[PDB]
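A.B. asks:
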Amino acid sequence: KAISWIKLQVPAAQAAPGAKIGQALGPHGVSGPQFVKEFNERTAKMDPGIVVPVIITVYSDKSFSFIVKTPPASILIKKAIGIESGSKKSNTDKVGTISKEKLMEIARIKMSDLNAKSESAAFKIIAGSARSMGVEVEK
Amino acid sequence: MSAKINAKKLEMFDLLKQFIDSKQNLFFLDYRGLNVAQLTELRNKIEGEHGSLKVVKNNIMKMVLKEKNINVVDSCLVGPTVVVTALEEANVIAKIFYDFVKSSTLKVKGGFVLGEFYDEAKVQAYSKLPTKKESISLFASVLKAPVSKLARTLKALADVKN
Amino acid sequence: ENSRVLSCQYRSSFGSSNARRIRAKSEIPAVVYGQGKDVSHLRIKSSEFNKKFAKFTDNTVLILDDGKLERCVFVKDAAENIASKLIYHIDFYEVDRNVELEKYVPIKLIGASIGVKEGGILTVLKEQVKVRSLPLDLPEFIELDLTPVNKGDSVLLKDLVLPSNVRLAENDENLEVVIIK
Amino acid sequence: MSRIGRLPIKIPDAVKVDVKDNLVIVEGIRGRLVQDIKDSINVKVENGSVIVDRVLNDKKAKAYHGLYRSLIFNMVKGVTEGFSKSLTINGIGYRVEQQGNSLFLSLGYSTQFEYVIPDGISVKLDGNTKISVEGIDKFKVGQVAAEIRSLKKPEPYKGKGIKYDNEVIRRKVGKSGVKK
RNA sequence: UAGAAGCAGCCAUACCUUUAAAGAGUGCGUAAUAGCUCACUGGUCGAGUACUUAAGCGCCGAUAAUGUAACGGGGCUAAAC
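Residue numbers (the entry's author numbering), protein chains in the order written: chain AK, 5 to 143; chain AJ, 1 to 162; chain AX, 2 to 182; chain AH, 1 to 180.
(1) If you follow the alpha helix (DSSP H) that AH/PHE113 is part of, which residue opens it and which one closes it?
(2) Here's the rule I'm using: 16 or more other beta-carbon atoms within 10 Å means buried, otherwise exposed. How should AX/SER134 be labelled?
(3) Excluding the five sequence neighbours on either side, which residues of its own chain have a C-beta within less than 8 Å of the C-beta of AK/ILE102, listed in chain order?
(4) List the DSSP bridge partners of AX/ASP146.
(5) Once you ignore the five residues that flank AJ/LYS23 on each side, which residues in its own chain have a CB closer than 6 Å to its CB?
(6) Is the CB-CB distance between AH/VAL133 and AH/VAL116 below 8 Å?
(7) Between which residues of its own chain and AK/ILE87 is the CB-CB distance below 6 Å, once the five residues before and five after are set aside?
(8) Of all the options AX/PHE142, AX/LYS104, AX/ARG5, AX/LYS131, which has the alpha carbon lying nearest to the alpha carbon of AX/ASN51?
(9) Could you tell me whether the segment 8-16 of chain AK touches the segment 51-62 of chain AK, where touching means 3 or more Cβ pairs closer than 8 Å?
(10) From AJ/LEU29 to AX/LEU145, what does the alpha carbon distance come to, in whole angstroms?
(11) How do the segment 88-107 of chain AJ and the segment 30-46 of chain AJ stand: do at least 3 beta-carbon pairs fall below 8 Å, yes or no?
(12) List the DSSP bridge partners of AH/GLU97.
(13) Using a Cβ-Cβ cutoff of less than 7 Å, which residues in the same chain neighbour AX/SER47 once the five nearest sequence positions on both sides are dropped?
(14) Which partner residues of AX/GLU95 appear in the DSSP bridge assignment?
(15) Measure from the alpha carbon of AH/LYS152 to the alpha carbon of each residue in AH/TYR94, AH/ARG6, AH/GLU167, then state which is nearest.
(16) By Cβ distance, which residues of its chain are closer than 7 Å to AX/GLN10, with the 5 residues on each side in sequence left out?
(17) Report the residue ranges of all alpha helix (DSSP H) runs contained in full by the segment 51-102 of chain AJ; include only those spanning at least 4 residues, in chain order.
(18) With DSSP as the reference, identify every bridge partner of AX/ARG44, one or two as the case may be.
(19) Assign AJ/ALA94 to one of two classes, buried (16 or more other C-beta atoms within 10 Å of its C-beta) or exposed (fewer than that).
(20) Can you give the Cα-Cα distance for AX/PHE57 and AX/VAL106, rounded to whole angstroms?
(21) Measuring CB atoms only, is the segment 68-87 of chain AJ touching the segment 132-144 of chain AJ, in the sense that at least three cross pairs come out at less than 8 Å?
(22) Quick check on the DSSP output: the alpha helix (DSSP H) that includes AH/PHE83 runs from which residue to which?
(23) So AK/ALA20 is in the beta strand (DSSP E); what residue range does that whole segment cover?
(24) What residue from AK/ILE25, AK/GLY33, AK/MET137 has the CA that sits closest to AK/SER91's CA?
(25) If AH/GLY159 and AH/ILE148 are in contact, beta carbons under 8 Å, what's the gap, nearest whole angstrom?
(26) To the nearest angstrom, how far is it from the Cα of AJ/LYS155 to the Cα of AJ/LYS144?
(27) So, is AJ/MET1 buried or exposed, given that buried needs 16 or more other C-beta atoms within 10 angstroms?
(28) Quick one, which of AX/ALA84, AX/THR61, AX/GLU177 has its alpha-carbon nearest AX/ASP78's?
(29) Cα separation between AH/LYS172 and AH/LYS180?
(30) Would AK/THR47 be called buried (16 or more neighbouring beta carbons within 10 Å of its own) or exposed?
(31) Do you know whose CA, among AH/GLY174, AH/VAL96, AH/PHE139, lies nearest AH/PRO156's CA?
(32) What three-state label does DSSP hand residue 197 of chain AH in the structure shown?
(33) Can you give me the C-alpha to C-alpha distance between AX/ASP92 and AX/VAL76, rounded to a whole angstrom?
(34) What are the boundary residues of the alpha helix (DSSP H) that includes AH/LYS172?
(35) Can you tell me whether AH/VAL55 is buried or exposed, with buried defined as 16 or more other CB within 10 angstroms of its CB?
(36) Would you give the residue range spanned by the beta strand (DSSP E) that AK/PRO31 belongs to?
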């Protein structure tokens, strides 16, 4: 069993054992530098600077298993459509358009962390996230 | 204020009846304390195994089974019980249930395979039992065992004249 | 079909004091006129009227049975005291049960429209539509769902899905009932 | 009325119950308890069980239904299993000790409190900061535990005082919680 | 915004999925989470319950200075309506 469960967001290609990583790793007796090295090794194949979510389970035997899932969907959509800062009035002030093909590709890519059984359902989850961020749905 | 409840209950009964008529084999599991993640993983495993597991109202399920000629002990419906219909791999479903019972507190309260009300012991035996392909492989191995023994004995006897 | 039937019996009191006594006995004085007949003075059970026609409009039509005859009547008027929720007179306009007739009927808007969702402007050009039917089949109100109506879309009168024996009567069939710009 | 008033009363084998002339006697392994029952309610012992009903349907009788059902139930559970309510003494220098049929409490006051224990009730210690009152009557047990708690009611700044074990004390802050 | 991880604050929550059922979260409380709870739904139990409307009597609101002192008194659960 895992003694501690930690959920964090990390900068892909920039995983270092600074204050944040040390605070995350020290509470559960987990090697913060080892976790940072594993995160860098995993996120080398990820976009540099991308905030990849990380779920870490630290057992009683001091071992920690840390998995970096698909990065934030809001971050991925903002990168795709050139969105850096989320539009405040996401209901009216559209920040951009989320293309149908781009949404389908993003949903297929992030289907690992999405619990849907249909590609249409995954694309709908992506589109709902885009609407919540304020991105106008692509027709 | 009661027609709407009647309509919702009728729709639930119809969906449950469709599942019960589509499922060749059925089982009921008491999953009290089975966490959200554990339930999601168990449902994913059942879906991969082709079974459909879902929570069904005890009274509605009992009425539907009484209509459909399912004469099981009501103790199976006693307790929050997810009904899982498996039509192809009953051994696989039982093995998955046993694995969940090992890795969590879920219990296989009742079972119904070929209209046979399987109690705790019968359900455990069925779950430990393997599938049809594995059974064929085991029967083939058992049948070939005498042939392999005879061939080995003949080889040893022939060598013993060296 | 019962829920459109109403039991009455004749009254011969005809006074303010008499009407007050009737309403104390928990009934409603009422009169029926139309079709050139002599006016019929009758009384109605208040509990029955409340139970059945708690939502009556100008276009509601119903059946009066005095045990010996049937009448098809509109609720032409109803004198209501708002403070005490008290009906204290009913006017029933009779019509012929088999004569086609016209009547403006209001619309009821349902659903959330995609256009208004995305920045459309509701403009309810028409609050009612002239329809045509026999009295017993007149629609109380005609429904309209806006959900598929996207931006820059107007609603044609033919687009209104209508009850079975109800038919449009507008001279301008192509006028728009509600627009979303 | 409501289902507690009509819910039947099971009788343990070791426990005997008897009803007569507006009185009930319940004799068990650990003692004997008595109760008055009002005229409007009738109590019956049949088939090793106790049932209660009402001759009338006035609201006094409605309430009495449940009241006497519950009392007789607690009257039977006591004679079989006895009632016990426990307490904890928390705080610097607070102590409790026992001598015979009385308890001595050190609770910060300039006098050491003696406490006569009423008859029919026993007191059990666990070290010098844990108490448990046991007895035949739930009413008496609650009374004693309450009066002991009143000897030094708890406080919210540090949890000091005499608390019911099941109780949860809402807690405030003092100096350093207001830190800016 | 510095934080806002459901709970300073802006916007909707036409955000989807596994859906039994889970709200862009009901409250408590954390700089920020964290943490504890609820709507929500499942099992044990086994009929009325939950919100309102109109009337007949009632409750609190009710509160000055020589002495009970706002039934004439005694008293009255009718000897009240």
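Even for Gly, the Cβ is constructed at its ideal location relative to N, Cα and C.
C.D. replies: With the given structure in hand:
(1) No alpha helix (DSSP H) contains AH/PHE113, which is instead part of the beta strand (DSSP E) from 113-116.
(2) buried
(3) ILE81, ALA84, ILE85, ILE130, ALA131, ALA134, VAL139, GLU140, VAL141, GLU142
(4) AX/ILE111
(5) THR85, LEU87
(6) no
(7) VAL99, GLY100
(8) AX/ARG5
(9) yes
(10) 47 Å
(11) yes
(12) AH/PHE104
(13) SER27, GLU28, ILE29, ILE88
(14) AX/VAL74
(15) AH/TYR94
(16) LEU43, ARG44, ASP67
(17) 58-67
(18) AX/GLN10, AX/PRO30
(19) buried
(20) 13 Å
(21) no
(22) It is not in any alpha helix (DSSP H) - AH/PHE83 instead sits in the beta strand (DSSP E) that spans 83-90.
(23) From DSSP, AK/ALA20 is part of no beta strand (DSSP E); its letter is neither H nor E.
(24) AK/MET137
(25) So it is not a contact: roughly 17 Å between Cβ atoms.
(26) 16 Å
(27) exposed
(28) AX/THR61
(29) 17 Å
(30) buried
(31) AH/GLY174
(32) For chain AH, the structure presents residues 1 to 180; residue 197 of chain AH sits outside this window and is missing.
(33) 6 Å
(34) Looking at the DSSP string, AH/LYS172 is not in any alpha helix (DSSP H), and its letter there is neither H nor E.
(35) exposed
(36) Run containing AK/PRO31: none; DSSP gives neither H nor E here.
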